[PDB]
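1. Dropping in the first section of the assembly, placed as in the complex:
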Amino acid sequence: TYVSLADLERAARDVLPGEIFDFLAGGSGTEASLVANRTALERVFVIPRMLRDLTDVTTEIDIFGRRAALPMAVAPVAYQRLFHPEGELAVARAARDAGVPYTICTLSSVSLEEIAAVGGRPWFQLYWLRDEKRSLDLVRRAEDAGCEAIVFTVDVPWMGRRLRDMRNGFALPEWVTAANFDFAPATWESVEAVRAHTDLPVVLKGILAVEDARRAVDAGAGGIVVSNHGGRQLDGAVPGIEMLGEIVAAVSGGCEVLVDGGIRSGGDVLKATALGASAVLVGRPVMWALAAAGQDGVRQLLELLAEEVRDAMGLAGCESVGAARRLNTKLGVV
Amino acid sequence: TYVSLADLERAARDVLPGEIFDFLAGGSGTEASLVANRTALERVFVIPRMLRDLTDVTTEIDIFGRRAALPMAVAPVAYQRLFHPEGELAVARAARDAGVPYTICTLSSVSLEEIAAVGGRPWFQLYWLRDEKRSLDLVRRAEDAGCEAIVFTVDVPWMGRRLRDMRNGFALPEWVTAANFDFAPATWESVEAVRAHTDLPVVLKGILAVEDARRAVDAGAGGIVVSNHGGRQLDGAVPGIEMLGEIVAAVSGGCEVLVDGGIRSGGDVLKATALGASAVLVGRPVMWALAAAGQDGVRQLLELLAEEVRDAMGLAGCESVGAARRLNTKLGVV
């Protein structure tokens, strides 16, 4: 049994090789943005409401055309066989069973068709390739396999400088491969090429500037993920949670606005919701659970997060996620 | 002899079983709100006035129809026999002798009639039950026994997740029982049912949102306690002391506004008063004193707090608690 997400990190620390734990845990540069993701959530305080009807509290939301059990999805994390032999299949099975969308990576270590066959609500994360034709063929594969959204990651014109990995001389084990294969910087023209090629909602992941959020809506995006890529891309990039409220106001309901970076509890989900998020992504904790106990581990994590979200919502007087979005917050110190 | 409230915590640490000290000390989740109650008071600085007449300094107030010796009451704390064999009777006797109201708990480990028989100024704290009829019968019992106010706790639709207790596998000893017995979420309709059933002032404990404070006045409450339940309910709830000034302005004298969470000295009482509170509740320190030295311990604590309140008021140029409410404050760093 685990009673917090912190329980699982210690467990994953135990089991994983040091270099692999560092690949997972690390950020770019001095890890300023990595730390700031946590600092930013810790400074947010919720103003709960009392004495409201809680006879039918529900944590469900509708997003991109389908119901989800929680306002949460599993973030795209590449090469999950690094953490457990069943890799993406273990995580996708647990996500399916929990009613949580699972984001299949361009750099998955099991093919996207195999992961989609698990069922559930798969999304597909796109990295822009070489040339437009192969990029669009990846999108077409994902759509043909039943993925329900295209999560276009737009904050990686190239990879950030992860000093832990450089110092470790970390490289992919020979037994881990990019299973979708036998890359180039994305632009707004790339976004349009994707939008024109699919009927699925296109979700732009890695948006931080208010003007980019507006332009995303103008570009026909169905959603954005306000994100600094877990502090792994620009070191010194603002945390998404610090831009979220401004961005939600600027898009004024024109697309779904998700956030990620440092979500470590149901209370953190509540904070993100109160700042205006439609839903959150969760990355590293899902991999901790995967490393610690495979599919059963991820199941326990999602069960824990589900109870924490329900608990936080009720304690704050919210019978629905919509009500949680109307909560006010106060920024504190430390 | 003790010279601060911190003296008593160390003493209680000595004597109590670890699990019981943790039950008392702990908060929910990561204990962010528990810590923030203290941080919030430590950031408040008072601007004292000089050269005022202090020939008749008095710490007395009138509240809910009776005089109190200090602008303070003992907070409701369940199951006080956990901390000393005389439990609630020891605390209520010391409170009586000090001229301080004592809040009798729904979950008291000595029956409310026995505690009320001690005399003094007993209040009764209500948790909403099963059905309206038994809830109202608890209120009627309290009124029949001479309680002078009903403190309706409204921030517990269910109990927060106290991780210390879960990790300890903490459970009530067989020798501790809910002596008032041989629960359901409260709503505004529950508040109205109570108000219609008693002539006693109804005080809503656990209010943090400004709109809930206004609605409390509209609902006929005689008071509110601005409170995040000592950081034991929603982890990430704002401290009451951070909402107090706004709330006092919004109710504009329509009801008494009390505050609790982290009050650990007479200087802290002065800060709360200067921010607009009518009075404070004090929880954990009263239990420290109870654990350390029973009734005599609680007596010493209340004597110490009485001298600290008188000292702080005079040093700040206040001959009355009303004058202290007109003090200005400045928010500092750390």
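-> On my side now, so go ahead. Numbers count the residues shown, from 1 in each chain, chains lettered A, B, ... in the order given.

2. tell me the contacts of residue A:209?
-> Applying C-beta atoms under 8 Å, 6 or more residues apart in numbering or on different chains to residue A:209 gives the contacts residue A:243. Any C-beta I mention is one placed from the backbone N, CA and C, and that applies to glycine too.

3. Kindly report the residues of chain A close to chain B.
-> Residues of chain A found near chain B (C-beta under 8 Å from any C-beta of the partner chain) are A:3-4, A:42, A:44-55, A:265, A:267, A:270-271, A:308, A:311-312, A:314-316, A:328, A:330, A:332-334.

4. Among these, which ones are in helices?
-> The helices, defined by DSSP state H, take in A:42, A:267, A:270, A:271, A:308, A:311, A:312, A:314, A:315 from the residues of chain A next to chain B.

5. Which members of those are classed as buried?
-> Neighbour counting by 16 or more other C-beta atoms under 10 Å in any protein chain shown classes A:42, A:267, A:270, A:271, A:308, A:311, A:312, A:314, A:315 among those as buried.

6. quick one: which two of these are the most distant?
-> Using C-beta to C-beta, those reach their maximum pairwise distance at A:42 and A:314, which is 22.2 Å.

7. Contact partners for the residue lying farthest from the centre of chain A?
-> Distance from the centre of chain A peaks at residue A:51, with 33.1 Å (C-alpha atoms, centre = their mean). Residue A:51 makes contact with A:317, B:154, B:186, B:187, B:188, B:190, B:191, B:212, according to C-beta under 8 Å, 6+ apart.

8. how about residue A:304, what does it touch?
-> Taking C-beta under 8 Å, 6+ apart as the criterion, residue A:304 is in contact with A:2, A:3, A:4, A:5.

9. Put this one in as chain C:
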Amino acid sequence: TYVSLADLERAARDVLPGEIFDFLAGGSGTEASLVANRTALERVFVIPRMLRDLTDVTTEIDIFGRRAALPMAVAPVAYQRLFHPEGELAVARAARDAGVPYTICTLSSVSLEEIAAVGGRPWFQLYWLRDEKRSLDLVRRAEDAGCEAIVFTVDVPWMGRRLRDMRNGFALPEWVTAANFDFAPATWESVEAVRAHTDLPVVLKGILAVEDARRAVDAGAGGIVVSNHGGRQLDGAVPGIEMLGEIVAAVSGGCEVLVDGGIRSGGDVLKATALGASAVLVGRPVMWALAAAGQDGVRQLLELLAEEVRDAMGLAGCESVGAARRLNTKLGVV
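-> Putting chain C together with the chains above:
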């Protein structure tokens, strides 16, 4: 040789009995205000000016009718024989030689007439007595002995609770006495009685509220000291340096505005000046120097402070203390 004021504290730590070092170093309550005096100065940053004429840099000021060599005076500190056998005479001699005013205490351990006979620029600090007649006789003694200002301390209706002393069971050694003798709370009426009884400037020490500073000017004060008494009176009182700018604006040249609390370098003097102070008082460091090396120690301290003030002023482009008062500041973090 000493290169900072911190050098001297370590030296005084060496030589003094622990209880006496604690009497000197300590504050009231939790020492929040003691620490905040330092925090507040450390958050202030100066915006220096460049390329100004520094051919005749002078640190001199005129205050209360006489020239002083620095914008600084020795703060009133009672019972200086606690720290060195020559007590007040050693400090007053060093102050005289440095061209710095020395404040003789009501509770001096050498008689005020003996200390005044040293020469220099003595001020006299008044604590209000028993009855108006003896208070005024103390003032008359001081004036007859050649004191040039009456520093009326107004923040001590009674002494703050110094927990170090209580825990130490600290008491005056039999060999230390209040040499001016063989107390009651002051009011504005007391201030008027003093003002009517002397032609010397009356300076009110311990003012923190803006309205009290205004009333001081209205009352005929020649100056005020913006001060929380070194964190020894109300624990939680705002630092004087945090109120100084507001107070200087409110009195708009109607009286001299001095500040004290935590001044530990020439750079700190510059910060106080830039915030608008006429001059500062320095307390504990003078006693460190006295304890460490008697009169010669205090001489070295004042020489060090004089060089640091001159250095800071020049580096900031100020040829006079008046120019330093026109410097701008920026408040930082930590």
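
10. Please re-evaluate the contacts of residue A:304 in the presence of chain C.
-> Under the criterion of C-beta under 8 Å, 6+ apart, the neighbours of residue A:304 are A:2, A:3, A:4, A:5.

11. switch to 6 Å and redo it
-> Applying C-beta atoms under 6 Å, 6 or more residues apart in numbering or on different chains to residue A:304 gives the contacts residue A:2.

12. Determine whether the claim that residue A:70 is in a helix is correct.
-> No - secondary structure of residue A:70 (DSSP: H, G, I helix; E, B strand; the rest coil): coil, not part of a helix.

13. what about residue A:242, how many neighbours?
-> 21 (other C-beta atoms under 10 Å in any protein chain shown).

14. contacting residues for it?
-> Contacts here follow C-beta under 6 Å, 6+ apart; on that basis residue A:242 touches residue A:40.

15. hang on, it is in a strand, isn't it?
-> No - assigned with three-state DSSP, residue A:242 falls outside any strand and is helix.

16. so what's the residue of the stretch 1-150 of chain A at minimum distance from chain B up against?
-> Residue of the stretch 1-150 of chain A nearest chain B, by C-beta to the nearest C-beta: residue A:45 (4.1 Å). Contacts for residue A:45 (C-beta under 6 Å, 6+ apart) come out as A:330, A:332, B:236, B:238.

17. Selection in ChimeraX covering whichever of these are buried, please.
-> Buried residues among these (16+ other C-beta under 10 Å), as a ChimeraX selection:
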select /A:332 /B:236,238
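
18. In strands, which of the contacts of residue A:45 fall?
-> The members of those that map onto strands under DSSP state E are residue A:330.

19. Tell me the one of the contacts of residue A:45 nearest chain C?
-> Nearest to chain C among these is residue A:332, at 15.0 Å by C-beta to the nearest C-beta.

20. then chain D, please:
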Amino acid sequence: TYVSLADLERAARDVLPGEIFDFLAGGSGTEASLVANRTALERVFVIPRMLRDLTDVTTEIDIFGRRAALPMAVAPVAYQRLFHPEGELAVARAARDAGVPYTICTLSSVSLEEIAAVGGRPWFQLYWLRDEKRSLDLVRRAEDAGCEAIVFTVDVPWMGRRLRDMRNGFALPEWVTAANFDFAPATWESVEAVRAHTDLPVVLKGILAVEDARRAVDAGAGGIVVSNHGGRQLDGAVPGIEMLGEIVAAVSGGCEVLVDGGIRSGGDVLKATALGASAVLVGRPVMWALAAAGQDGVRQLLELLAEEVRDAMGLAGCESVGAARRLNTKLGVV
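-> Chain D now in position relative to the chains above:
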């Protein structure tokens, strides 16, 4: 190989005598301004832009009539033979090869003519001398030798009090000399004398007040360096990075605005650019690299900084330094 600038500091720590490492590392007084230079950069977060064309990312700028490879120059640091036997020649060679301007010091330990003969883009830093005639002859020498700008340091009417050096009794080794020789405070009249005597751009280094920046433009300066001299002059002077935005707005393109103090990575260069700087100076890290590995060390440092600047710019969506100046920032906590 080094992967950050912090790698090099540890290396320099190894090799240098303690007193020399302290001369390099230290600040004046309590080193408040030294620490604040770093704190100030760490509080700045960049808001990156996405999906922009990065097909021709360039870190080049034009400044003072010539192209530079990066928006950076080597800061003036006196007596570089203290750190390596080749001193200034090693650094100037590496700077030349990297396409970075090198600032030759008035107090260089190799003559300015020898360093200029290395080639590249030498600037010359002026300290005002004794009399106008010799000051101007130093300027004339620099111009005759091919220096392209005069960096007039204006924040040293005299040297700050470096307590590390005093405590170390640090003095120039006999084998290190001021090679340009066989000083007086500068004023605006000195600036005019220099401006009238050369056609080179005059750059005023050590400006912090907005009014001084304006006056610099009015005085005919071609640039300013917003700087508190690495925390080595007035202790308590605001960091340049805290004044930079205000200053850039006030001069409104009237001169180049550079900044220095604490630049330790390409991300830090990006922050300075986003706040409006034309370019930065880098001081201590260049000396770390010099101490650690001579010319090759400085080459590796500049290669590392060049890759970090390119990386940060691209991750932030900037194909040019001009685009980086249009980035927005958000100030955070810690």
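
21. Please re-evaluate the contacts of residue A:51 in the presence of chain D.
-> Contacts of residue A:51 (C-beta under 6 Å, 6+ apart): B:154, B:186, B:187, B:188.

22. restrict those to contacts with chain A.
-> Counting by C-beta under 6 Å from any C-beta of the partner chain, B:154, B:186, B:187, B:188 from those sit close to chain A.

23. Any chance of CSV for those, columns neighbour count and secondary structure?
-> CSV is the format used below for these (neighbours: other C-beta atoms under 10 Å in any protein chain shown; DSSP: H, G, I helix; E, B strand; the rest coil):
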residue, neighbour count, secondary structure
B:154, 28, coil
B:186, 27, coil
B:187, 18, coil
B:188, 18, helix
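
24. Make CSV out of the residues you listed and add distance to residue B:60.
-> As requested, the ones next to chain A among the contacts of residue A:51 are exported to CSV (distance: C-beta to C-beta, whole Å):
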residue, distance to residue B:60
B:154, 29
B:186, 33
B:187, 36
B:188, 34
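
25. ok, the residues you listed vs residue D:248, which is closest?
-> When those are compared against residue D:248 (criterion: C-beta to C-beta), the nearest one is residue B:154, at 52.7 Å.

26. Could you report the separation of that closest one from residue A:49?
-> 10 Å (C-beta to C-beta, to the nearest Å).

27. Residue A:301 now?
-> To residue A:49, residue A:301 is 29 Å away according to C-beta to C-beta.

28. Look at the two and report which has more neighbours.
-> residue A:301 (27 against 22).

29. what's the nearest residue to that one if we skip its chain neighbours?
-> Counting by C-beta to C-beta, 6 or more residues apart in numbering or on different chains, residue A:289 is the residue found nearest to residue A:301 once chain neighbours are left out, at 3.7 Å.
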